[PDB]
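**Student:**
There are 2 protein chains.
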Amino acid sequence: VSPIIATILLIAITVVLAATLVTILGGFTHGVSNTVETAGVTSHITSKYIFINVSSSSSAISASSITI
Amino acid sequence: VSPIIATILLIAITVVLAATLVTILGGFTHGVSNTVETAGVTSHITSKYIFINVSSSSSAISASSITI
Ligand SMILES: *[C@@H]1O[C@H](CO)[C@H](O)[C@H](O[C@@H]2O[C@H](CO)[C@@H](O[C@@H]3O[C@H](CS(=O)(=O)O)[C@H](O)[C@H](O[C@H]4O[C@H](CO[C@H]5O[C@H](CO)[C@@H](O)[C@H](O)[C@@H]5O)[C@@H](O)[C@H](O[C@H]5O[C@H](CO)[C@@H](O)[C@H](O)[C@@H]5O)[C@@H]4O)[C@H]3O[C@@H]3O[C@H]([C@H](O)CO)[C@H](O)[C@H](O)[C@H]3O)[C@H](O)[C@H]2O)[C@H]1O
Ligand SMILES: *[C@@H]1O[C@H](CO)[C@H](O)[C@H](O[C@@H]2O[C@H](CO)[C@@H](O[C@@H]3O[C@H](CS(=O)(=O)O)[C@H](O)[C@H](O[C@H]4O[C@H](CO[C@H]5O[C@H](CO)[C@@H](O)[C@H](O)[C@@H]5O)[C@@H](O)[C@H](O[C@H]5O[C@H](CO)[C@@H](O)[C@H](O)[C@@H]5O)[C@@H]4O)[C@H]3O[C@@H]3O[C@H]([C@H](O)CO)[C@H](O)[C@H](O)[C@H]3O)[C@H](O)[C@H]2O)[C@H]1O
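These protein sequence lines map, in sequence, to chains A and B.
Residue numbering for the first sequence follows the numbering used here, starting at 24 and increasing by one per position.
Residue numbering for the second sequence follows the numbering used here, starting at 24 and increasing by one per position.
1) Find the nearest neighbour of residue 92/B within the set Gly49/B, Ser81/B, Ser56/B and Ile31/B, judged by alpha-carbon distance.
2) Can you name the start and end residues of the alpha helix (DSSP H) that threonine 37/A belongs to?
3) Name, going along the chain, the residues of the segment 34-47 of chain B whose beta-carbon falls closer than 7 Å to a beta-carbon of chain A.
4) Taking the DSSP output, what are the residues bridged to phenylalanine 74/B?
5) Of all the options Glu60/A, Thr52/A, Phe74/A and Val45/A, which has the alpha carbon lying nearest to the alpha carbon of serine 85/A?
6) Can you check which of these residues, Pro26/B, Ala41/B and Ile89/B, is closest to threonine 58/B by C-alpha distance?
7) Alpha carbon to alpha carbon, how far is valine 77/A from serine 66/A? Give it in angstroms, no decimals.
8) Could you give the distance in angstroms between the alpha-carbon of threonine 37/A and the alpha-carbon of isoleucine 31/B?
9) Please list, in chain order, the chain B residues whose beta carbon lies closer than 8 Å to that of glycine 63/A.
10) What residues come near ligand 1, if near means a beta carbon less than 6 Å from any of its heavy atoms?
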């Protein structure tokens, strides 16, 4: 009797460890993305205005997505 | 994995630098031309008239292109 019952208990424990491991991995598998951007920018500053002129960029992006 | 991805990023950066350089060169490659002219001119001045008589010139040019 007892060696089979001990085996059933060890299977039950194994599933909870595997379920625990899955929640540990979830802290690694997020928030990685390609955020690199590169632009040719020139600028001139005066007592009233900043002028900004763009010559090229790595990608086309919305002017609302850029913070100054 | 990562050495190939790093290489792809460096190619993307390289193109933006080359595009930047092309706009720098554009400030040199304009406004150079052969503007030299030379004429045999004689003149006489009076209380009412200036007389101007031309004997030869380096090229034939319109009288509207000359400022006095
Ligand atoms: C999962 O997989 C999916 C499918 O592939 C997506 O890829 C998803 O990624 C998300 O997608 C959503 C939806 O595309 C993104 O939400 C958008 O976020 C942008 C911000 S962003 O910087 O431009 O990138 C915008 O906020 C966008 O909103 C649009 O709609 C706004 C409201 O317009 C709605 O209502 C008007 C009436 O008032 C209707 O006429 C119109 O048709 C539409 O229904 C606009 O205001 C907005 O304009 C400006 O928005 C931002 C400022 O907020 C600005 O930066 C922009 O440049 C632009 O000038 C823009 O036109 C979001 O889209 C969703 O739109 C729904 C709407 O119901 C239509 O479905 C909501 O109302 C919200 O507006 C918004 O959720 C999200 O960013 C992505 O992560 C993957 O995760
Ligand atoms: C790119 O490559 C091309 C091809 O090689 C050229 O080399 C180009 O260089 C430019 O070329 C253009 C065109 O030739 C040049 O523009 C001329 O500029 C001169 C000034 S200049 O000092 O003489 O060198 C003139 O302004 C000339 O205009 C002529 O036409 C005028 C208008 O006449 C038109 O309309 C009447 C009706 O009213 C028609 O009857 C007529 O047929 C014609 O269609 C005339 O007024 C003008 O007379 C006087 O002009 C100047 C004073 O402005 C004076 O200095 C002259 O001595 C002369 O007495 C002259 O006859 C310009 O030619 C263009 O003509 C077109 C017209 O549509 C015909 O195509 C426009 O209407 C303009 O008149 C003008 O653009 C330019 O200078 C060069 O840089 C390279 O860059």
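Ideal Cβ positions, reconstructed from N, Cα and C, are used throughout, including at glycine.
**Tutor:** The answer reads as follows:
1) Here chain B comprises residues numbered 24 to 91, so residue 92/B is not present and cannot be evaluated.
2) Indexing the first sequence from 1 puts residue 37/A at position 14. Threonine 37/A -> alpha helix (DSSP H) spans 25-48.
3) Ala35, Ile36, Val39, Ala42, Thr43 and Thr46
4) Counting from 1 along the second sequence, the entry for residue 74/B is found at position 51. DSSP, once it has assigned bridges, lists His67/B as partnering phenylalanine 74/B.
5) For the purposes of this step, residue 85/A is taken as the residue at position 62 of the first sequence. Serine 85/A has its Cα closest to that of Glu60/A, out of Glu60/A, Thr52/A, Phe74/A and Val45/A.
6) Mapped onto the second sequence, residue 58/B falls at position 35. Nearest option by C-alpha distance: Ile89/B.
7) Stepping through the first sequence from its first residue, residue 66/A is reached at position 43. Stepping through the first sequence from its first residue, residue 77/A is reached at position 54. Rounded to whole angstroms, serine 66/A to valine 77/A spans 9 Å at the Cα level.
8) Translated into positions along the first sequence, residue 37/A becomes position 14. Translated into positions along the second sequence, residue 31/B becomes position 8. Computed Cα separation, rounded: 43 Å.
9) One-based indexing of the first sequence puts residue 63/A at position 40. Those within 8 Å of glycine 63/A in chain B are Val39, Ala42, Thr43 and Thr46.
10) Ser85/A, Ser87/A and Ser88/A
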